Amino acid sequence: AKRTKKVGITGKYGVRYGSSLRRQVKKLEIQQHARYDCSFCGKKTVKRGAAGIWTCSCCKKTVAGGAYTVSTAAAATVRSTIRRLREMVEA
Amino acid sequence: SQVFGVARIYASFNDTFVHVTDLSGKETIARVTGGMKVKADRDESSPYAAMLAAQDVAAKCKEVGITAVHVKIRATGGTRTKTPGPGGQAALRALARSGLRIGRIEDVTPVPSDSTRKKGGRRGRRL
Amino acid sequence: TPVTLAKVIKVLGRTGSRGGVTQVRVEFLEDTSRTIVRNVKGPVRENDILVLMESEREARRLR
Amino acid sequence: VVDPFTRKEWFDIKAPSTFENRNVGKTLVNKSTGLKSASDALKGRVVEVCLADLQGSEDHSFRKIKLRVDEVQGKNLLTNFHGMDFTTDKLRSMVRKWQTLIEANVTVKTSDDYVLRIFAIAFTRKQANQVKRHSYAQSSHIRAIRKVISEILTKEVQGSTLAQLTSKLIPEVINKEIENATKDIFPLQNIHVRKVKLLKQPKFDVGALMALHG
Amino acid sequence: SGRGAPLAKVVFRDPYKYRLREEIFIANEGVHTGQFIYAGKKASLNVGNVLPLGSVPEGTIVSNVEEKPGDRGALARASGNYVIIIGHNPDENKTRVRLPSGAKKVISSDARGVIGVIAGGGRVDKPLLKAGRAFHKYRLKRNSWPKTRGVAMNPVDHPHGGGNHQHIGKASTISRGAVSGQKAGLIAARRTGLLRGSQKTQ
Amino acid sequence: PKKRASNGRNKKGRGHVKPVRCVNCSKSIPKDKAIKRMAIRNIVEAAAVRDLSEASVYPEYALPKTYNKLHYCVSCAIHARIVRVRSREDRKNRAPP
Amino acid sequence: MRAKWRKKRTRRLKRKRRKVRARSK
RNA sequence: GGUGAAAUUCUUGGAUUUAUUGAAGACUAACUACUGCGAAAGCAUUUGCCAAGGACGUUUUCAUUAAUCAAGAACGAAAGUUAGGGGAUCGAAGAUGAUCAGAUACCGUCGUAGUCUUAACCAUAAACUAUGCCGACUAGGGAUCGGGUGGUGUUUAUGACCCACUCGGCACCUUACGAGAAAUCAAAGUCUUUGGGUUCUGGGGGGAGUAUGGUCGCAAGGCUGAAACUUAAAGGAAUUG
Ligand SMILES: [Zn+2]
Ligand SMILES: [Zn+2]
């Protein structure tokens, strides 16, 4: 029983605002509300009180992360860069 | 007791120039191009003009009093012709003719790996 | 004043637009045993004395 | 305007003591004027030279060496071995068609507080009583010889500071070690190392610096 | 409230007296609660801890960098920026930093700065979608919204515009002496069209 | 009409190989189609070894040699090298000279 | 001519002919 | 600098080159071939992990479980679209300098999108071997990749090289008894001395992959598709000029 075809979650808005706008909002809001997995808690119970933070329910160990994702590609690549730099300066 | 310099010749297309320097290469001495000796804008790559400039370069080097030289030829190199210029031989000829010892010859045109797509497009430079 | 002298010994071939450039593998008389290829204009016989203003210059082909 | 050739001082270098004749180069800096003069001007002119003039022979006409200066004293200095690299002639003289190529590269920290990145190079010659044109490997042979070459090369590191490693490399005993270790695979070709490079000069160490003269 | 970047409560132990001093760092990306943090010159390099940029190698990536030693943070705090260091001149201990989308600056080597990109990236891409969210947003900052135009507005509110028609009749491209008084509409705008205007073009 | 036996070049069971540019004309061609030759002549003009030996220590030193590889494009190759065509049957030969 | 530019002309003419149908219907 | 020649641009605020370096990305040059792998499109750095592959060996195992295929699906070069990363190089548009009767074209210098990556689309090509898949038979010959078997063979007891044979593969030279209009074909042969199983496609050229419907796609467009309507040839191979 498919409740709709192409609009999915963002169909609440109805006819207003246009097509590309609410489509972009869909593609961002699914990531915004997705349930990821905290690395040092094992389970997947991350929720949001506000943007910028991701709070794991069990373990209560929150993380100050991206705007709509646990890790942006910029974060993922600069972490690797700093890793390379630390290894170079140390070893 | 022979004092050493380094020629470091650049022999590309449409011109050619040289400059003697110390063994480390930090202080270039006497830089001369074809334009220094001829003004026609076509024969800048002429080996005759190359030898005419190499003679003056050798004279200015002997003024300081240099004896032995390490010659290191380099074409345009990179993603270009990969071929030394026409004056690349007349330069050596006139330099050895103008009273100066040569030793330890080598080429240093830096061969690259495949990268940085050359110009001309897929169809290449067509007349 | 490099007014050099050289004796054409062996006519090599002929080039030029009109075929009017005679090549030669000449060697200059004073301190001989040093050879260079020159390109004279007019006809040149064997053992032909000749003068040169240039000290060194090679130009094989000429159309 | 000023004619700058008469505004420099003719200098000389001094190779380390683990070689033959050392008075091998002479350069220019500046006159003994004011505003930071030659005593503290260059302090870091890297210089190239082949091994022919450094060993006295000529069979070492390739594998040129690059040397670095650091300290100056008494119108003299003393340089430390920075690295080496083949002549471009021998590379394209050796490489030819209808054969293979093998390479490897490892970055290591020596016994002392230095680092070094080392390269390798090898080919595959056809032996006697052979009629083929190519004499290629089987792609597992290359994988085996690569790792065994890497480890047998690394065994010389972790021990033998670069000082004694220079005199270990000069007679090229490591190539004979490679031959003895890998003769079970192929009839081998001329094995070389072709490149050492450094990127962590740890500190000055004026003691070990000045330990190479007399 | 207001600032879209989150922040974190940090606590150190005072060295001069028995006391636990709390402070408010800006929450960079990758840090988690219950985490140990370092500060000073002799600190290592793991994302979150603060160092002086004079004693870190070439090519790091930092945020909340200081402009003069003692300002206690004064550059690049917003959600979606950082800064890279390029130069290292120990004599007259300055250092060149590349604010890579608008400037190349020189700063004293002892200035402060924390490694790690600032959190809240990609925030602006989300469209507002309606006036209510814009209203609520500017509520927790300023009374500079809803904007209203001036040129199209009446002549008393803008002398170079208004009336029956929507006329302009002024000029925008001002010389090097950008005087004041005509500060309505444009100011010292010269070029047009969006292209790669900088050094090292492509 | 199918002119040559092999369709274009030595390519059976690969479909696609790899492109590569010319040095003279800079045309883009498959790596297998055009030309692949070497230049291993000398680093010298008309003799001059007398001059080199007389004006250099280390007599002759190395016997120097130049090294290059050439990939002439289809049109530039026939333009420079003046051979180009062959008989209706002579094309089948594969002699280097 | 070449089938390339033939197809190009015809495909542009297709859009041109279908353009007026939108304004009509 | 740069071109056939010059011009544009830079140039005592040190020009391209020249030594220490330090940054961003693109890729794996020579090795590199009548070689390999993959259903194709495609696939060249090393190293670890992840599961899959054909050939080879078999005195192992199940016993017709098989070949092809409407309707249904997977994969799909480059360009292009949607929103992020960077933009080094190259570079449709565009801006300029040359040449030219004219040149918004070839040429010279810059230059946006693109040229890679992430998450969704698009399903096209001279997607060529222009030769559909499965299975037998008909000529000779030498190399070559992988697997395997022998040699009172060569080099350190295993690895490597040689000699004979064999299974599979990219292939190649000759000959063509045969076929074909010929170019040519080891299959394009075993065909009027007309039939081993099987899917698809075409009936002169254009109108024409055209609007019409239908269907998929936010879009470039994709799939199926006769007419009314004009005509005498268009077309393939090869011989002589
Ligand atoms: Zn948790
Ligand atoms: Zn070319």
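Cut-off values and rules
Residues numbered from 1 in each chain as written, not as in the entry; some residues may be left out. Chains lettered and ligands numbered in written order. Part of a larger assembly, values for the part shown. Heavy atoms only, no water. Residues with missing side-chain atoms left out of burial classes, pairs and counts. Donors = N, O, S within 2.8 Å, 3.2 Å for Na, K, Ca; no water. Buried < 20%, exposed > 50% of the residue type's maximum accessible area, 1.4 Å probe, protein only. Tetrahedral: all angles 85-135°; square planar, octahedral: opposite > 155°, others 65-115°. Helix = DSSP H or I, 4+ residues; strand = E, 2+ residues; numbered from the N terminus. Pairing = 2+ DSSP bridges. Axes fitted to C-alpha atoms, helices over the stretch in contact; angles between N-to-C directions. Contact = heavy atoms within 4.5 Å. Salt bridge = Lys/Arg side-chain N within 4 Å of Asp/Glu carboxyl O. Near = heavy atom within 4 Å. Polar contact = N/O pair within 3.5 Å; in protein donor to acceptor, adjacent residues only side chain to side chain. Nonpolar A, V, L, I, M, F, W, Y, C, P; charged D, E, K, R; others polar.

As documented in the archive entry, the model was determined using cryo-EM at 4.2 Å resolution.

Draft legend 1. View of the coordination of the zinc ion (ligand 2). Residues and elements named next belong to chain F. Looking at the metal site, the zinc ion (ligand 2) is ligated by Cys 22 (O), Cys 22 (SG), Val 23 (N), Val 23 (O), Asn 24 (N), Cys 25 (N) and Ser 26 (N), spaced 2.1 to 2.8 Å from it. Binding-site remark: the zinc ion (ligand 2) is held by donors from one chain whose sequence spacing is C-V-N-C-S. Using a relative accessible area of 29% as the deciding quantity, one classes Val 23 as partly exposed. Here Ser 26 falls in the buried class, since its relative accessible area comes to 7%.

Draft legend 2. Structural view of the coordination of the zinc ion (ligand 1). All names here are of chain A. Taken together, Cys 38 (SG), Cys 41 (SG), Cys 56 (SG) and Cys 59 (SG) make up the full set of protein donors to the zinc ion (ligand 1), lying 2.3 to 2.4 Å away. Coordination at the zinc ion (ligand 1) comes from four donor atoms whose angles at the metal span 22 to 153°, giving a geometry best classed as irregular. Summarised as a motif, the one-chain spacing of the donors to the zinc ion (ligand 1) is C-x2-C-x14-C-x2-C. One end of the pair, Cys 41, is in the loop between α1 (20-33) and β1 (46-47); the other, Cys 56, is in strand β2 (residues 53-56), and 15 residues separate them in sequence.

Draft legend 3. Highlighting the sheet that holds strand β5 (residues 84-85) of chain E. Residue and element names in this part refer to chain E. The antiparallel open sheet is built from three strands, whose spatial order is β5-β6-β7. Each having just a single partner strand, β5 and β7 (103-108) make up the two edges of the open sheet. Where strand β6 (residues 94-99) lies against β7, six bridges are found, and the strand directions are antiparallel. From the neighbouring strand, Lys 94 faces β7, where its bridge partner is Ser 108.

Draft legend 4. Summary view of the pairing of strand β3 (residues 21-27) of chain C. Residue and element names in this part refer to chain C. For β3, the tally of buried residues reaches six of seven residues, placing the bulk of the element in the interior. Here strand β2 (residues 11-15) runs beside β3; their pairing, made up of three bridges, is antiparallel. Bridge pairing links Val 11 to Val 24 in β3. Counting the residues that bridge the hairpin from β2 to β3 gives five residues, and of these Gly 16 lies at a positive phi of roughly 110°.

Draft legend 5. Spatial organisation of the sheet that holds strand β4 (residues 102-109) of chain D. Residue and element names in this part refer to chain D. An order of β1-β2-β3-β6-β5-β4 is seen for the six strands of this open sheet, with the pairing classed as antiparallel. Looking at which strands have only one partner, the edges of the open sheet turn out to be β1 (47-49) and β4. Taking each pair of neighbouring strands and ignoring which way they run, the sheet shows an average axis angle of 30°. One ladder, built from nine bridges, connects strand β2 (residues 64-73) with strand β3 (residues 76-85); its direction is antiparallel. Bridged to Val 72 within β3 is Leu 77. Lying over the sheet, helix α3 (residues 140-154) contacts β4 and β5 (115-122), oriented at roughly 30° with respect to β4.

Draft legend 6. Structural context of the pattern of salt bridges. For the structure shown, the criterion picks out 13 salt bridges over all chains. With a closest N to O distance of 4.0 Å, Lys147(D) and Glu151(D) form a salt bridge. Of this pair, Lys147(D) and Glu151(D) both sit in helix α3, four residues apart, which is roughly one turn of that helix. A salt bridge links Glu54(F) to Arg50(F); its shortest N-O distance comes to 3.7 Å. Of the two residues, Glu54(F) and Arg50(F) are both situated in helix α1 (residues 49-54); the distance of four residues between them amounts to about one turn of the helix.

Draft legend 7. Representation of the protein's contact with RNA strand H in the model. In the vicinity of RNA strand H lie 76 residues, with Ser115(B), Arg117(B), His134(D), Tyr136(D) and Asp184(D) positioned nearest. Here RNA strand H approaches the protein such that, of its atoms within 4 Å, sugar and phosphate make up 72%. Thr201(E) places a polar side-chain atom, nitrogen or oxygen, 2.4 Å from a phosphate oxygen of RNA strand H. Contact distances for RNA strand H include 2.7 Å between a sugar or linking oxygen and a side-chain N or O atom of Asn10(F). Of all the elements in the fold, those that place two or more residues in the surface near RNA strand H are α1 of chain A, β3 (17-21) of chain B, α3 of chain D together with α1 (3-24) of chain G. In terms of residue count, α1(G) provides more of the surface near RNA strand H than any other element does, six residues in total. Among the residues making up the surface near RNA strand H, the classes are represented as 14 nonpolar, 24 polar and 38 charged.

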